[PDB]
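**Student:** File input_17.pdb follows (PDB, C-alpha atoms and all ligand atoms):
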```
ATOM      1  CA  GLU A   1     155.202  65.643 123.120  1.00  0.00           C
ATOM      2  CA  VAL A   2     156.398  62.287 124.464  1.00  0.00           C
ATOM      3  CA  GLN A   3     156.610  61.955 128.245  1.00  0.00           C
ATOM      4  CA  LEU A   4     156.371  59.058 130.685  1.00  0.00           C
ATOM      5  CA  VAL A   5     155.344  59.800 134.277  1.00  0.00           C
ATOM      6  CA  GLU A   6     155.825  57.319 137.120  1.00  0.00           C
ATOM      7  CA  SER A   7     153.791  57.344 140.332  1.00  0.00           C
ATOM      8  CA  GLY A   8     152.894  55.174 143.308  1.00  0.00           C
ATOM      9  CA  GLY A   9     156.354  54.868 144.841  1.00  0.00           C
ATOM     10  CA  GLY A  10     157.186  55.497 148.463  1.00  0.00           C
ATOM     11  CA  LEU A  11     158.421  53.867 151.691  1.00  0.00           C
ATOM     12  CA  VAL A  12     157.008  50.451 152.690  1.00  0.00           C
ATOM     13  CA  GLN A  13     157.490  47.814 155.403  1.00  0.00           C
ATOM     14  CA  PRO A  14     158.458  44.145 154.949  1.00  0.00           C
ATOM     15  CA  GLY A  15     155.494  41.959 154.083  1.00  0.00           C
ATOM     16  CA  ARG A  16     153.619  44.955 152.630  1.00  0.00           C
ATOM     17  CA  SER A  17     152.851  45.441 148.936  1.00  0.00           C
ATOM     18  CA  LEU A  18     152.468  48.638 146.914  1.00  0.00           C
ATOM     19  CA  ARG A  19     151.128  49.759 143.520  1.00  0.00           C
ATOM     20  CA  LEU A  20     153.215  51.441 140.828  1.00  0.00           C
ATOM     21  CA  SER A  21     151.706  53.289 137.872  1.00  0.00           C
ATOM     22  CA  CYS A  22     153.184  54.638 134.633  1.00  0.00           C
ATOM     23  CA  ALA A  23     151.099  57.335 132.962  1.00  0.00           C
ATOM     24  CA  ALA A  24     152.351  58.668 129.635  1.00  0.00           C
ATOM     25  CA  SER A  25     151.233  61.157 126.985  1.00  0.00           C
ATOM     26  CA  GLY A  26     152.018  62.256 123.444  1.00  0.00           C
ATOM     27  CA  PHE A  27     151.986  58.927 121.600  1.00  0.00           C
ATOM     28  CA  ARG A  28     149.488  56.220 120.688  1.00  0.00           C
ATOM     29  CA  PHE A  29     149.636  53.457 123.298  1.00  0.00           C
ATOM     30  CA  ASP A  30     148.024  50.479 121.557  1.00  0.00           C
ATOM     31  CA  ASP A  31     151.125  49.681 119.444  1.00  0.00           C
ATOM     32  CA  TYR A  32     154.282  49.893 121.606  1.00  0.00           C
ATOM     33  CA  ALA A  33     156.157  47.633 124.007  1.00  0.00           C
ATOM     34  CA  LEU A  34     156.590  48.880 127.576  1.00  0.00           C
ATOM     35  CA  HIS A  35     159.077  47.730 130.207  1.00  0.00           C
ATOM     36  CA  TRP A  36     160.219  48.350 133.783  1.00  0.00           C
ATOM     37  CA  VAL A  37     163.779  49.159 134.895  1.00  0.00           C
ATOM     38  CA  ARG A  38     164.963  50.102 138.386  1.00  0.00           C
ATOM     39  CA  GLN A  39     168.046  52.113 139.358  1.00  0.00           C
ATOM     40  CA  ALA A  40     169.519  51.324 142.755  1.00  0.00           C
ATOM     41  CA  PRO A  41     172.351  53.592 143.953  1.00  0.00           C
ATOM     42  CA  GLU A  42     175.681  52.779 142.298  1.00  0.00           C
ATOM     43  CA  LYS A  43     175.077  49.249 141.015  1.00  0.00           C
ATOM     44  CA  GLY A  44     174.442  49.962 137.344  1.00  0.00           C
ATOM     45  CA  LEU A  45     171.078  49.145 135.794  1.00  0.00           C
ATOM     46  CA  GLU A  46     168.955  46.001 135.656  1.00  0.00           C
ATOM     47  CA  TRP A  47     165.669  44.978 133.989  1.00  0.00           C
ATOM     48  CA  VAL A  48     162.452  44.152 135.860  1.00  0.00           C
ATOM     49  CA  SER A  49     159.605  43.281 133.490  1.00  0.00           C
ATOM     50  CA  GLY A  50     157.982  44.216 130.204  1.00  0.00           C
ATOM     51  CA  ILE A  51     154.854  44.080 128.061  1.00  0.00           C
ATOM     52  CA  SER A  52     153.885  44.410 124.393  1.00  0.00           C
ATOM     53  CA  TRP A  53     150.885  45.765 122.510  1.00  0.00           C
ATOM     54  CA  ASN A  54     148.933  42.499 122.653  1.00  0.00           C
ATOM     55  CA  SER A  55     150.325  41.708 126.144  1.00  0.00           C
ATOM     56  CA  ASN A  56     150.491  38.034 125.120  1.00  0.00           C
ATOM     57  CA  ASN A  57     154.252  37.936 125.790  1.00  0.00           C
ATOM     58  CA  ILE A  58     155.196  38.857 129.366  1.00  0.00           C
ATOM     59  CA  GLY A  59     158.634  38.249 130.849  1.00  0.00           C
ATOM     60  CA  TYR A  60     160.326  38.587 134.237  1.00  0.00           C
ATOM     61  CA  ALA A  61     163.869  38.184 135.491  1.00  0.00           C
ATOM     62  CA  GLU A  62     164.389  34.988 137.477  1.00  0.00           C
ATOM     63  CA  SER A  63     165.646  36.934 140.504  1.00  0.00           C
ATOM     64  CA  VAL A  64     162.374  38.900 140.623  1.00  0.00           C
ATOM     65  CA  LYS A  65     160.099  36.157 139.259  1.00  0.00           C
ATOM     66  CA  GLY A  66     157.091  34.953 141.225  1.00  0.00           C
ATOM     67  CA  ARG A  67     156.457  38.188 143.128  1.00  0.00           C
ATOM     68  CA  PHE A  68     155.899  40.789 140.386  1.00  0.00           C
ATOM     69  CA  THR A  69     153.037  41.073 137.908  1.00  0.00           C
ATOM     70  CA  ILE A  70     152.882  43.559 135.036  1.00  0.00           C
ATOM     71  CA  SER A  71     149.541  44.796 133.714  1.00  0.00           C
ATOM     72  CA  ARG A  72     148.331  47.480 131.320  1.00  0.00           C
ATOM     73  CA  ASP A  73     145.007  48.965 130.251  1.00  0.00           C
ATOM     74  CA  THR A  74     144.345  51.017 127.126  1.00  0.00           C
ATOM     75  CA  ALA A  75     141.298  52.904 128.426  1.00  0.00           C
ATOM     76  CA  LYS A  76     143.172  54.352 131.419  1.00  0.00           C
ATOM     77  CA  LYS A  77     146.307  54.896 129.259  1.00  0.00           C
ATOM     78  CA  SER A  78     148.748  53.756 131.930  1.00  0.00           C
ATOM     79  CA  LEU A  79     151.132  50.921 132.771  1.00  0.00           C
ATOM     80  CA  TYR A  80     150.790  49.073 136.075  1.00  0.00           C
ATOM     81  CA  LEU A  81     153.293  47.103 138.156  1.00  0.00           C
ATOM     82  CA  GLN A  82     152.030  44.759 140.882  1.00  0.00           C
ATOM     83  CA  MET A  83     154.315  44.021 143.834  1.00  0.00           C
ATOM     84  CA  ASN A  84     153.939  41.168 146.308  1.00  0.00           C
ATOM     85  CA  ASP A  85     156.061  40.468 149.397  1.00  0.00           C
ATOM     86  CA  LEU A  86     158.415  43.432 149.077  1.00  0.00           C
ATOM     87  CA  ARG A  87     161.964  42.704 150.238  1.00  0.00           C
ATOM     88  CA  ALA A  88     165.272  44.495 150.824  1.00  0.00           C
ATOM     89  CA  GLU A  89     166.544  44.256 147.239  1.00  0.00           C
ATOM     90  CA  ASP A  90     163.506  46.199 145.989  1.00  0.00           C
ATOM     91  CA  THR A  91     165.006  49.533 147.093  1.00  0.00           C
ATOM     92  CA  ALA A  92     165.756  51.268 143.783  1.00  0.00           C
ATOM     93  CA  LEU A  93     164.658  54.091 141.493  1.00  0.00           C
ATOM     94  CA  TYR A  94     162.077  52.534 139.166  1.00  0.00           C
ATOM     95  CA  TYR A  95     161.969  53.681 135.534  1.00  0.00           C
ATOM     96  CA  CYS A  96     159.160  53.180 133.011  1.00  0.00           C
ATOM     97  CA  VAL A  97     160.286  52.254 129.502  1.00  0.00           C
ATOM     98  CA  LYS A  98     158.776  52.438 126.016  1.00  0.00           C
ATOM     99  CA  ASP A  99     160.060  50.487 123.012  1.00  0.00           C
ATOM    100  CA  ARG A 100     159.901  51.367 119.295  1.00  0.00           C
ATOM    101  CA  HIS A 101     158.935  48.023 117.723  1.00  0.00           C
ATOM    102  CA  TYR A 102     155.784  46.982 119.682  1.00  0.00           C
ATOM    103  CA  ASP A 103     157.477  43.793 120.929  1.00  0.00           C
ATOM    104  CA  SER A 104     159.805  42.463 123.616  1.00  0.00           C
ATOM    105  CA  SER A 105     162.995  41.569 121.717  1.00  0.00           C
ATOM    106  CA  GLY A 106     164.500  39.475 118.940  1.00  0.00           C
ATOM    107  CA  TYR A 107     163.840  41.801 116.022  1.00  0.00           C
ATOM    108  CA  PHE A 108     166.512  43.687 114.098  1.00  0.00           C
ATOM    109  CA  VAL A 109     164.940  47.002 115.157  1.00  0.00           C
ATOM    110  CA  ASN A 110     164.535  47.410 118.925  1.00  0.00           C
ATOM    111  CA  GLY A 111     165.608  50.075 121.386  1.00  0.00           C
ATOM    112  CA  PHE A 112     164.742  52.086 124.477  1.00  0.00           C
ATOM    113  CA  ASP A 113     163.841  55.620 123.411  1.00  0.00           C
ATOM    114  CA  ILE A 114     162.053  57.510 126.206  1.00  0.00           C
TER     115      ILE A 114
ATOM    116  CA  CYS B   1     153.492  84.860  45.098  1.00  0.00           C
ATOM    117  CA  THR B   2     150.226  85.911  46.735  1.00  0.00           C
ATOM    118  CA  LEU B   3     148.826  86.962  43.363  1.00  0.00           C
ATOM    119  CA  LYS B   4     150.341  83.700  42.058  1.00  0.00           C
ATOM    120  CA  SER B   5     152.256  85.277  39.167  1.00  0.00           C
ATOM    121  CA  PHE B   6     155.533  86.950  38.209  1.00  0.00           C
ATOM    122  CA  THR B   7     154.278  90.267  36.755  1.00  0.00           C
ATOM    123  CA  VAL B   8     152.241  92.823  38.711  1.00  0.00           C
ATOM    124  CA  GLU B   9     150.524  95.920  37.343  1.00  0.00           C
ATOM    125  CA  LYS B  10     150.625  99.437  38.752  1.00  0.00           C
ATOM    126  CA  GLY B  11     148.485  99.925  41.831  1.00  0.00           C
ATOM    127  CA  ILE B  12     148.140  99.029  45.496  1.00  0.00           C
ATOM    128  CA  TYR B  13     147.670  95.381  46.476  1.00  0.00           C
ATOM    129  CA  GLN B  14     146.365  93.929  49.753  1.00  0.00           C
ATOM    130  CA  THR B  15     148.646  90.980  50.490  1.00  0.00           C
ATOM    131  CA  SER B  16     148.478  88.295  53.194  1.00  0.00           C
ATOM    132  CA  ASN B  17     150.687  87.294  56.134  1.00  0.00           C
ATOM    133  CA  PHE B  18     153.388  84.768  55.236  1.00  0.00           C
ATOM    134  CA  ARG B  19     155.984  85.600  57.902  1.00  0.00           C
ATOM    135  CA  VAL B  20     156.269  82.783  60.446  1.00  0.00           C
ATOM    136  CA  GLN B  21     156.657  83.525  64.154  1.00  0.00           C
ATOM    137  CA  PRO B  22     158.099  80.886  66.509  1.00  0.00           C
ATOM    138  CA  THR B  23     156.117  80.114  69.642  1.00  0.00           C
ATOM    139  CA  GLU B  24     156.704  78.471  73.015  1.00  0.00           C
ATOM    140  CA  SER B  25     154.452  76.501  75.361  1.00  0.00           C
ATOM    141  CA  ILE B  26     153.407  77.346  78.913  1.00  0.00           C
ATOM    142  CA  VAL B  27     151.057  75.947  81.567  1.00  0.00           C
ATOM    143  CA  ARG B  28     150.041  77.098  85.056  1.00  0.00           C
ATOM    144  CA  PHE B  29     147.997  75.505  87.838  1.00  0.00           C
ATOM    145  CA  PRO B  30     147.023  76.237  91.473  1.00  0.00           C
ATOM    146  CA  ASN B  31     149.033  75.401  94.612  1.00  0.00           C
ATOM    147  CA  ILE B  32     149.169  71.694  95.494  1.00  0.00           C
ATOM    148  CA  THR B  33     148.499  71.761  99.236  1.00  0.00           C
ATOM    149  CA  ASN B  34     146.042  69.058 100.381  1.00  0.00           C
ATOM    150  CA  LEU B  35     148.100  65.886 100.131  1.00  0.00           C
ATOM    151  CA  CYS B  36     146.767  62.413 100.939  1.00  0.00           C
ATOM    152  CA  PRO B  37     147.717  60.470 104.103  1.00  0.00           C
ATOM    153  CA  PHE B  38     149.946  57.840 102.503  1.00  0.00           C
ATOM    154  CA  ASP B  39     152.509  57.778 105.320  1.00  0.00           C
ATOM    155  CA  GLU B  40     150.022  56.370 107.834  1.00  0.00           C
ATOM    156  CA  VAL B  41     149.288  53.320 105.675  1.00  0.00           C
ATOM    157  CA  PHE B  42     152.733  52.766 104.147  1.00  0.00           C
ATOM    158  CA  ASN B  43     154.842  53.624 107.221  1.00  0.00           C
ATOM    159  CA  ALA B  44     152.788  52.042 110.011  1.00  0.00           C
ATOM    160  CA  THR B  45     154.642  50.235 112.783  1.00  0.00           C
ATOM    161  CA  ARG B  46     152.309  47.217 112.829  1.00  0.00           C
ATOM    162  CA  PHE B  47     150.299  45.653 110.000  1.00  0.00           C
ATOM    163  CA  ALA B  48     147.114  43.690 110.599  1.00  0.00           C
ATOM    164  CA  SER B  49     147.059  39.957 109.943  1.00  0.00           C
TER     165      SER B  49
HETATM  166  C1  LIG C   1     158.504  56.326 105.334  1.00  0.00           C
HETATM  167  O1  LIG C   1     159.528  56.872 106.157  1.00  0.00           O
HETATM  168  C2  LIG C   1     160.813  56.925 105.523  1.00  0.00           C
HETATM  169  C3  LIG C   1     161.790  57.403 106.573  1.00  0.00           C
HETATM  170  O2  LIG C   1     161.181  58.324 107.467  1.00  0.00           O
HETATM  171  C4  LIG C   1     160.745  57.831 104.296  1.00  0.00           C
HETATM  172  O3  LIG C   1     161.993  57.810 103.612  1.00  0.00           O
HETATM  173  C5  LIG C   1     162.644  59.100 103.695  1.00  0.00           C
HETATM  174  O4  LIG C   1     162.034  60.082 102.845  1.00  0.00           O
HETATM  175  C6  LIG C   1     162.651  61.376 102.938  1.00  0.00           C
HETATM  176  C7  LIG C   1     161.845  62.308 102.065  1.00  0.00           C
HETATM  177  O5  LIG C   1     162.370  63.627 102.092  1.00  0.00           O
HETATM  178  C8  LIG C   1     164.119  61.292 102.527  1.00  0.00           C
HETATM  179  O6  LIG C   1     164.724  62.566 102.722  1.00  0.00           O
HETATM  180  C9  LIG C   1     165.572  62.883 101.600  1.00  0.00           C
HETATM  181  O7  LIG C   1     166.839  62.257 101.739  1.00  0.00           O
HETATM  182  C10 LIG C   1     167.726  62.494 100.642  1.00  0.00           C
HETATM  183  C11 LIG C   1     168.960  61.635 100.848  1.00  0.00           C
HETATM  184  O8  LIG C   1     168.540  60.287 101.019  1.00  0.00           O
HETATM  185  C12 LIG C   1     168.044  63.997 100.596  1.00  0.00           C
HETATM  186  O9  LIG C   1     168.901  64.267  99.498  1.00  0.00           O
HETATM  187  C13 LIG C   1     166.746  64.814 100.464  1.00  0.00           C
HETATM  188  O10 LIG C   1     167.047  66.205 100.524  1.00  0.00           O
HETATM  189  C14 LIG C   1     166.101  66.941  99.720  1.00  0.00           C
HETATM  190  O11 LIG C   1     164.994  67.347 100.501  1.00  0.00           O
HETATM  191  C15 LIG C   1     165.311  68.236 101.589  1.00  0.00           C
HETATM  192  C16 LIG C   1     164.040  68.461 102.381  1.00  0.00           C
HETATM  193  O12 LIG C   1     163.770  67.278 103.126  1.00  0.00           O
HETATM  194  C17 LIG C   1     165.895  69.528 101.006  1.00  0.00           C
HETATM  195  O13 LIG C   1     166.219  70.418 102.063  1.00  0.00           O
HETATM  196  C18 LIG C   1     167.154  69.194 100.193  1.00  0.00           C
HETATM  197  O14 LIG C   1     167.715  70.382  99.644  1.00  0.00           O
HETATM  198  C19 LIG C   1     166.848  68.158  99.108  1.00  0.00           C
HETATM  199  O15 LIG C   1     166.038  68.837  98.146  1.00  0.00           O
HETATM  200  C20 LIG C   1     165.714  64.419 101.526  1.00  0.00           C
HETATM  201  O16 LIG C   1     166.181  64.941 102.761  1.00  0.00           O
HETATM  202  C21 LIG C   1     164.845  60.238 103.354  1.00  0.00           C
HETATM  203  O17 LIG C   1     166.172  60.058 102.873  1.00  0.00           O
HETATM  204  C22 LIG C   1     164.103  58.907 103.290  1.00  0.00           C
HETATM  205  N1  LIG C   1     164.754  57.917 104.131  1.00  0.00           N
HETATM  206  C23 LIG C   1     164.860  56.629 103.790  1.00  0.00           C
HETATM  207  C24 LIG C   1     165.563  55.744 104.777  1.00  0.00           C
HETATM  208  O18 LIG C   1     164.409  56.196 102.734  1.00  0.00           O
HETATM  209  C25 LIG C   1     159.649  57.351 103.352  1.00  0.00           C
HETATM  210  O19 LIG C   1     159.489  58.276 102.283  1.00  0.00           O
HETATM  211  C26 LIG C   1     158.323  57.197 104.092  1.00  0.00           C
HETATM  212  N2  LIG C   1     157.312  56.636 103.211  1.00  0.00           N
HETATM  213  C27 LIG C   1     156.188  57.281 102.879  1.00  0.00           C
HETATM  214  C28 LIG C   1     155.259  56.549 101.959  1.00  0.00           C
HETATM  215  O20 LIG C   1     155.936  58.405 103.301  1.00  0.00           O
END
```
Would you encode the structure as structure tokens?
**Tutor:**
Amino acid sequence: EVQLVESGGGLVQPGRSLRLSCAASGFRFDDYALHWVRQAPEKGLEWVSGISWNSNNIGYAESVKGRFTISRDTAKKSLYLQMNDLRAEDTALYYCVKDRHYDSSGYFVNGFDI
Amino acid sequence: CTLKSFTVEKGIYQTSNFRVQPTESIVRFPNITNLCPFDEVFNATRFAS
């Protein structure tokens, strides 16, 4: 069965970084696009970062650019988010996202499933 | 018409079978169960270059 499990979150101090991990099960990892979304209380939803199967295309939002880094490894079957210089805006509920068309965007078929 | 004539003498004759019986056709075979994995190659998300 398809599940995505997020771990590594917690409380941090300014100037301190942390490590997020996204471990998932039930589907083959080597052909799917994965993305990060955070949910802060009562301000809707906003995108963080993403990755594809080849990881050649990596994108960040300009508000969060320059201090995040997304990484992924097939052997350990998990998605990794690297934080640097954590600030006040970072306080949100972080979601881990899988796509259905192995790529970021642009195609006729794309969508967030699990 | 099995003696090939129109007059027959007294006695008992051993004729042949000229009545025609219609027939049908039938065929049976075992249970098709072990299909080939065509979906994996024809319905894959990504194709190699
Ligand atoms: C690749 O994947 C696609 C999509 O997953 C697949 O095409 C689909 O094939 C199924 C095969 O069953 C199609 O399902 C049929 O749909 C028609 C209407 O379009 C229905 O009338 C059919 O109903 C019969 O079968 C049912 C059992 O499934 C019975 O309960 C019923 O009484 C009928 O006898 C059936 O549901 C489906 O429509 C297509 N979809 C598309 C978009 O084409 C394709 O076959 C896959 N390719 C390979 C090579 O496997």
**Student:** In Å, rounded to a single decimal, give me how far atom CA of residue A:45 is from atom CA of residue A:68.
**Tutor:**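 Between atom CA of residue A:68 and atom CA of residue A:45 the gap works out to 17.9 Å.
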**Student:** Pull out every residue of chain A that has at least one atom within 10 Å of chain B, counting only C-alpha atoms, and report them as a ChimeraX atom specification.
**Tutor:** /A:31-32,53,100-102
**Student:** Write a file of the just-selected residues containing C-alpha atoms, as a compact mmCIF listing (two decimals), keeping the file's coordinate frame.
**Tutor:**
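Final output, out.txt:
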```
# COMPACT_ATOMS: atom_id res chain seq x y z
CA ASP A 31 151.12 49.68 119.44
CA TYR A 32 154.28 49.89 121.61
CA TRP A 53 150.88 45.76 122.51
CA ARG A 100 159.90 51.37 119.30
CA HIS A 101 158.94 48.02 117.72
CA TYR A 102 155.78 46.98 119.68
```
**Student:** Can you tell me how far atom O1 of ligand LIG 1 (chain C) sits from atom CA of residue B:43, in Å to one decimal?
**Tutor:**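 Atom-to-atom, atom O1 of ligand LIG 1 (chain C) and atom CA of residue B:43 are spaced 5.8 Å apart.
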**Student:** Can you tell me, as a compact mmCIF listing (two decimals) with C-alpha atoms, keeping the file's coordinate frame, what residues are no more than 10 Å from residue A:49 when counting only C-alpha atoms, ignoring any on the same chain fewer than 2 positions away?
**Tutor:**
```
# COMPACT_ATOMS: atom_id res chain seq x y z
CA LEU A 34 156.59 48.88 127.58
CA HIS A 35 159.08 47.73 130.21
CA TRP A 36 160.22 48.35 133.78
CA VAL A 37 163.78 49.16 134.90
CA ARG A 38 164.96 50.10 138.39
CA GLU A 46 168.96 46.00 135.66
CA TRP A 47 165.67 44.98 133.99
CA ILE A 51 154.85 44.08 128.06
CA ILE A 58 155.20 38.86 129.37
CA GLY A 59 158.63 38.25 130.85
CA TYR A 60 160.33 38.59 134.24
CA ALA A 61 163.87 38.18 135.49
CA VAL A 64 162.37 38.90 140.62
CA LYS A 65 160.10 36.16 139.26
CA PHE A 68 155.90 40.79 140.39
CA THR A 69 153.04 41.07 137.91
CA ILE A 70 152.88 43.56 135.04
CA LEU A 81 153.29 47.10 138.16
CA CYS A 96 159.16 53.18 133.01
CA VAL A 97 160.29 52.25 129.50
CA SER A 104 159.80 42.46 123.62
```
**Student:** Within 9 Å of ligand LIG 1 (chain C), counting all atoms listed in the file, which protein or nucleic acid residues do you find, written as a VMD selection string?
**Tutor:** chain B and resid 37 to 44
**Student:** Using Å and a single decimal, report how far atom CA of residue A:28 sits from atom CA of residue A:52.
**Tutor:**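 Between atom CA of residue A:52 and atom CA of residue A:28 the gap is 13.1 Å.
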**Student:** Residues at most 10 Å from residue A:41, counting only C-alpha atoms, excluding those fewer than 5 positions away in the same chain, as JSON, numbers by chain?
**Tutor:** {"A": [91, 92, 93]}
**Student:** I'd like the contact shell of residue B:13 - 10 Å cut-off, only C-alpha atoms, skipping same-chain residues fewer than 3 positions apart - returned as a list in words.
**Tutor:**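 With the cut-off at 10 Å, the set is residues 2, 3, 8, 9, 10 and 16 of chain B.
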**Student:** Starting from the PyMOL selection byres (((chain A and resi 18-26) around 10) and not hetatm), expand the selection into actual residues of this file and give them as a ChimeraX atom specification.
**Tutor:** /A:1-13,16-17,27-29,34,36,70-72,76-86,94-98
**Student:** Write a file of the just-selected residues containing C-alpha atoms, as a compact mmCIF listing (two decimals), keeping the file's coordinate frame.
**Tutor:**
```txt
# COMPACT_ATOMS: atom_id res chain seq x y z
CA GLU A 1 155.20 65.64 123.12
CA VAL A 2 156.40 62.29 124.46
CA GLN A 3 156.61 61.96 128.24
CA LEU A 4 156.37 59.06 130.68
CA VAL A 5 155.34 59.80 134.28
CA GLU A 6 155.82 57.32 137.12
CA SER A 7 153.79 57.34 140.33
CA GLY A 8 152.89 55.17 143.31
CA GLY A 9 156.35 54.87 144.84
CA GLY A 10 157.19 55.50 148.46
CA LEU A 11 158.42 53.87 151.69
CA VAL A 12 157.01 50.45 152.69
CA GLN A 13 157.49 47.81 155.40
CA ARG A 16 153.62 44.96 152.63
CA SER A 17 152.85 45.44 148.94
CA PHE A 27 151.99 58.93 121.60
CA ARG A 28 149.49 56.22 120.69
CA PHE A 29 149.64 53.46 123.30
CA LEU A 34 156.59 48.88 127.58
CA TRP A 36 160.22 48.35 133.78
CA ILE A 70 152.88 43.56 135.04
CA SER A 71 149.54 44.80 133.71
CA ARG A 72 148.33 47.48 131.32
CA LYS A 76 143.17 54.35 131.42
CA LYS A 77 146.31 54.90 129.26
CA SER A 78 148.75 53.76 131.93
CA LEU A 79 151.13 50.92 132.77
CA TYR A 80 150.79 49.07 136.07
CA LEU A 81 153.29 47.10 138.16
CA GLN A 82 152.03 44.76 140.88
CA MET A 83 154.32 44.02 143.83
CA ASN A 84 153.94 41.17 146.31
CA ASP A 85 156.06 40.47 149.40
CA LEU A 86 158.42 43.43 149.08
CA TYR A 94 162.08 52.53 139.17
CA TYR A 95 161.97 53.68 135.53
CA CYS A 96 159.16 53.18 133.01
CA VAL A 97 160.29 52.25 129.50
CA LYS A 98 158.78 52.44 126.02
```
**Student:** When distances are computed from all atoms listed in the file, which of A:56, A:75, A:62, A:42 shows the smallest separation from residue A:103?
**Tutor:**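 Looking at the shortest contact to residue A:103, the residue is A:56.
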**Student:** Under the rule that only C-alpha atoms are counted, which of A:114, A:14, A:107, A:30 is the nearest residue to residue A:73?
**Tutor:**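 When distances to residue A:73 are compared using only C-alpha atoms, the smallest one comes from A:30.
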**Student:** Missing atoms in stretch 33-46 of chain A should be modelled up to N, CA, C and O atoms and reported as a short mmCIF file (atom, residue, chain, number, x, y, z; two decimals), in the coordinates of the input.
**Tutor:**
```cif
data_model
loop_
_atom_site.label_atom_id
_atom_site.label_comp_id
_atom_site.auth_asym_id
_atom_site.auth_seq_id
_atom_site.Cartn_x
_atom_site.Cartn_y
_atom_site.Cartn_z
N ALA A 33 155.78 48.45 122.87
CA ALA A 33 156.16 47.63 124.01
C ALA A 33 156.65 48.51 125.16
O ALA A 33 157.37 49.49 124.96
N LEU A 34 156.25 48.14 126.37
CA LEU A 34 156.59 48.88 127.58
C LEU A 34 157.29 47.95 128.57
O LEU A 34 156.99 46.76 128.65
N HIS A 35 158.22 48.52 129.33
CA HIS A 35 159.08 47.73 130.21
C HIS A 35 159.36 48.50 131.49
O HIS A 35 159.16 49.71 131.56
N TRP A 36 159.83 47.77 132.50
CA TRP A 36 160.22 48.35 133.78
C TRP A 36 161.71 48.14 134.04
O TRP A 36 162.23 47.04 133.82
N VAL A 37 162.38 49.19 134.50
CA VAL A 37 163.78 49.16 134.90
C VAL A 37 163.92 49.93 136.20
O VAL A 37 163.31 51.00 136.36
N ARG A 38 164.70 49.40 137.14
CA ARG A 38 164.96 50.10 138.39
C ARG A 38 166.43 50.49 138.48
O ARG A 38 167.31 49.81 137.93
N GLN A 39 166.69 51.59 139.19
CA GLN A 39 168.05 52.11 139.36
C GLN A 39 168.34 52.23 140.85
O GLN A 39 167.95 53.21 141.49
N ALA A 40 169.03 51.23 141.40
CA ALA A 40 169.52 51.32 142.76
C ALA A 40 170.83 52.10 142.78
O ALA A 40 171.55 52.15 141.78
N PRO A 41 171.16 52.73 143.91
CA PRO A 41 172.35 53.59 143.95
C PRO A 41 173.64 52.83 143.68
O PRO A 41 174.02 51.92 144.43
N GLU A 42 174.31 53.20 142.59
CA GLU A 42 175.68 52.78 142.30
C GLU A 42 175.81 51.26 142.18
O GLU A 42 176.70 50.64 142.77
N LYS A 43 174.92 50.65 141.40
CA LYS A 43 175.08 49.25 141.01
C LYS A 43 174.64 49.05 139.57
O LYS A 43 174.19 47.96 139.18
N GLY A 44 174.79 50.08 138.75
CA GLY A 44 174.44 49.96 137.34
C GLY A 44 172.94 49.98 137.13
O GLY A 44 172.20 50.68 137.84
N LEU A 45 172.49 49.22 136.14
CA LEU A 45 171.08 49.14 135.79
C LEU A 45 170.70 47.69 135.55
O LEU A 45 171.51 46.88 135.09
N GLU A 46 169.44 47.36 135.85
CA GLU A 46 168.96 46.00 135.66
C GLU A 46 167.48 46.05 135.28
O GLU A 46 166.77 46.98 135.67
#
```
